[PDB]
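Here the protein sequences come in this chain order: A and A'. A prime marks a further copy of an entry chain.
Take 1 as the starting number for the first sequence in the entry's author numbering and just add one per residue.
Take 1 as the starting number for the second sequence in the entry's author numbering and just add one per residue.
Built from N, CA and C at the ideal position, the CB exists for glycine as well.
2 protein chains.
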Amino acid sequence: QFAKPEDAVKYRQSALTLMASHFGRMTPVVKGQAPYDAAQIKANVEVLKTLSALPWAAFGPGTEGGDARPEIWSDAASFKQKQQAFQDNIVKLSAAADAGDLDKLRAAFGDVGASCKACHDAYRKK
Amino acid sequence: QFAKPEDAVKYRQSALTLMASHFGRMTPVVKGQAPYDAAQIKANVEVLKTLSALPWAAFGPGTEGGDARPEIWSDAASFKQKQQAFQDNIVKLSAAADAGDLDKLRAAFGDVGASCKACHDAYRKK
Ligand code: HEC
Ligand code: HEC
């Protein structure tokens with residue numbers, strides 16, 4: 001599916017756009033500005049869980065480009081920790097959504113949000 | 001998540017790009033040009049199943065734009081049949097992948113492929 005480095009860029013950008021939508025639409029619920037519907041959130045966090053695993057296979061060998069910094073590949077043990085933290089947080093998010101526990105959800109939502117930013121600060125271009 | 005019609009366009013384009021990748025990467029397997037690994041295909045068709053439900057919520061009221069024809073909304077009972085056929089085919093695809101049955105997979109892959117094209121012929125711009 002990633003014939004040239006550009007195809008990898010196009011895929012990973014599309015997956016990240018969809019995780020942003022699926023993550024970002026839950027903001028009003030975790031802030032108490034919308035009613036919490038536990039089954040709907042459980043379904044939406046299942047979509048997000050699936051989407052959250054996809055970008056990372058499109059950052060393989062030789063796929064520099066986009067708004068990706070080069071340090072993704074020159075500091076790859078570091079990048080990998082910034083991806084694992086984020087996928088670790090998605091596990092948390094799922095555990096709270098599956099339990100129907102809003103306070104835990106709200107907590108795991110903020111862990112997720114911070115890990116998004118920590119990777120962007122270090123490995124995404126302005 | 002779709003504040004303006006453009007946000008709906010951007011989301012639906014990203015979801016369709018990812019379904020194309022996840023659908024299109026199985027071509028060599030269904031054509032016998034790559035070995036069939038039933039568990040890996042089962043996992044990939046699970047990703048595709050999840051992705052295949054997403055575009056359609058971003059074609060709601062008042063989200064004309066992109067390479068979407070207007071007839072999506074002026075002939076909406078017709079568009080809806082072209083989406084149901086495609087989602088019906090994804091069910092088939094999943095049933096074969098979950099069974100590990102390559103011939104049925106290959107058949108359901110071609111039903112999927114045709115339904116992609118039938119909708120594009122009728123409701124996507126050149
Ligand atoms: C590294 C471990 C990252 C984590 C965790 C997250 N993102 Fe990110 N994101 C990353 C990179 C290197 C890039 C640029 C990709 C490129 O090749 O251009 C991005 C990009 C985005 C985008 C823009 C997509 C586009 O349309 O071009 C968005 C909307 C985005 N990222 C959102 C996002 C969110 C919401 C995350 C947590 C849920 C997140 N990213 C995590 C690197 C990393
Ligand atoms: C109608 C019922 C459709 C079915 C079934 C499929 N697609 Fe399609 N596709 C449709 C439209 C109306 C559009 C244009 C969207 C816009 O607003 O621009 C598309 C677009 C695509 C694209 C381009 C995405 C982009 O990057 O802009 C691709 C790669 C695509 N569609 C692929 C695709 C595949 C592989 C399908 C079956 C698995 C499929 N689409 C079904 C309408 C419909």
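(Q) Does any residue of chain A' have a CB that is nearer than 7 angstroms to the CB of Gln87/A? (A) Start at 1 with the first residue of the first sequence, and residue 87/A comes out as number 87. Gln87/A does not count as touching chain A'.
**Q.** Identity of the residue in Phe79/A, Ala114/A, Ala34/A nearest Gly60/A by Cα
**A.** Within the first sequence, numbered from 1, the residue matching residue 60/A stands at position 60. The shortest C-alpha separation from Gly60/A is found at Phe79/A.
(Q) Let's see if you can read the secondary structure: which residues bound the alpha helix (DSSP H) around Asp98/A? (A) Here residue 98/A corresponds to residue number 98 of the first sequence, with the count starting at 1. Start and end: 76-99.
Q: Take the Cβ of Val91/A as the centre, count every other Cβ of all protein chains shown within 10 Å, and call the residue buried at 16 or more, exposed below.
A: Position 91 of the first sequence, counting from 1, holds the residue named residue 91/A. By the 10 Å Cβ count, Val91/A comes out exposed.
Q: Report yes if the C-beta distance between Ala96/A' and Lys42/A' is below 7 angstroms; otherwise report no.
A: Sequence index remark: in the second sequence, residue 96/A' carries index 96 (1-based). Sequence index remark: in the second sequence, residue 42/A' carries index 42 (1-based). No. Outside cutoff.
Q.
Taking 7 angstroms as the threshold (beta carbon to beta carbon), is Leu48/A' in contact with chain A?
A. Residue numbering aside, residue 48/A' sits at position 48 when the second sequence is read from its first letter. Cβ-Cβ to chain A under 7 angstroms: no for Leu48/A'.
Q: List the DSSP bridge partners of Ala68/A'.
A: In the second sequence, counting from the first residue as 1, residue 68/A' sits at position 68. Per DSSP, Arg124/A'.
**Q.** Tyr11/A': contacting residues in chain A (beta-carbon distance under 9 angstroms)
**A.** Your numbering for residue 11/A' matches position 11 in the second sequence. Those within 9 angstroms of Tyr11/A' in chain A are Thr17, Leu18, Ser21.
Q) Can you tell me whether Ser14/A is buried or exposed, with buried defined as 16 or more other CB within 10 angstroms of its CB? A) Here residue 14/A corresponds to residue number 14 of the first sequence, with the count starting at 1. Burial call: buried.
Q.
What would DSSP say about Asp37/A, mapped onto helix, strand or coil?
A. Within the first sequence, numbered from 1, the residue matching residue 37/A stands at position 37. Coil at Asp37/A, not helix or strand.
**Q.** For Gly24/A', the first and last residue of its enclosing alpha helix (DSSP H)
**A.** To locate residue 24/A', count along the second sequence from 1; it is residue 24. Element bounds for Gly24/A': 5-24.
Q: Identify, in the order they occur along the chain, each residue of the same chain with its Cβ nearer than 8 angstroms to the Cβ of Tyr123/A, setting aside the five sequence neighbours on each side.
A: To locate residue 123/A, count along the first sequence from 1; it is residue 123. Once the five neighbours on either side are set aside, the close Cβ partners of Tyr123/A are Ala68, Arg69, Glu71, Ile72, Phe79, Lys82.
Q.
Assuming contact is defined by CB atoms lying nearer than 7 angstroms, are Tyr36/A' and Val47/A' in contact in what I supplied?
A. On the second sequence, position 36 is the one that residue 36/A' refers to. On the second sequence, position 47 is the one that residue 47/A' refers to. Not closer than 7 angstroms, so no.
Q. Is DSSP giving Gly62/A helix, strand or coil here?
A. Numbered from its first residue, the first sequence carries residue 62/A at position 62. DSSP places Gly62/A in coil when its eight states are reduced to three.
Q) If we ignore side chains and look at the alpha-carbon of each, how far apart do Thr27/A and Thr63/A' end up? A) For the purposes of this step, residue 27/A is taken as the residue at position 27 of the first sequence. For the purposes of this step, residue 63/A' is taken as the residue at position 63 of the second sequence. If I take the Cα positions, the gap works out to 23 angstroms.
Q: For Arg25/A', go through chain A and note every residue whose CB falls closer than 8 angstroms to its CB, in chain order.
A: Here residue 25/A' is taken as the residue at index 25 of the second sequence, counted from 1. Neighbours of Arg25/A' on chain A, chain order: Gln1.
Q | Range of the contiguous alpha helix (DSSP H) that encloses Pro28/A' | A | By 1-based counting over the second sequence, the position of residue 28/A' is 28. 27-30 is the span of the alpha helix (DSSP H), which, as asked, contains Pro28/A'.
Q) Who are the near neighbours of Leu102/A' in its chain, counting only those whose CB is closer than 6 angstroms to its CB and skipping five residues on each side? A) To locate residue 102/A', count along the second sequence from 1; it is residue 102. If we look at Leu102/A' and ignore the five residues flanking it on each side, its Cβ neighbours are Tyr36.
Q: Work out the CA separation of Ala77/A' and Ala85/A' for me, nearest whole Å.
A: On the second sequence, residue 85/A' is found 85 positions in, with the first residue counted as 1. On the second sequence, residue 77/A' is found 77 positions in, with the first residue counted as 1. Rounded to whole angstroms, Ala85/A' to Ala77/A' spans 12 angstroms at the Cα level.
Q. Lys126/A: buried (16+ other C-beta within 10 angstroms of its C-beta) or exposed?
A. Taking the first sequence and counting its residues from 1, the one referred to as residue 126/A is at position 126. The residue in question, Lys126/A, is exposed, as its Cβ has fewer than 16 Cβ neighbours within 10 Å.
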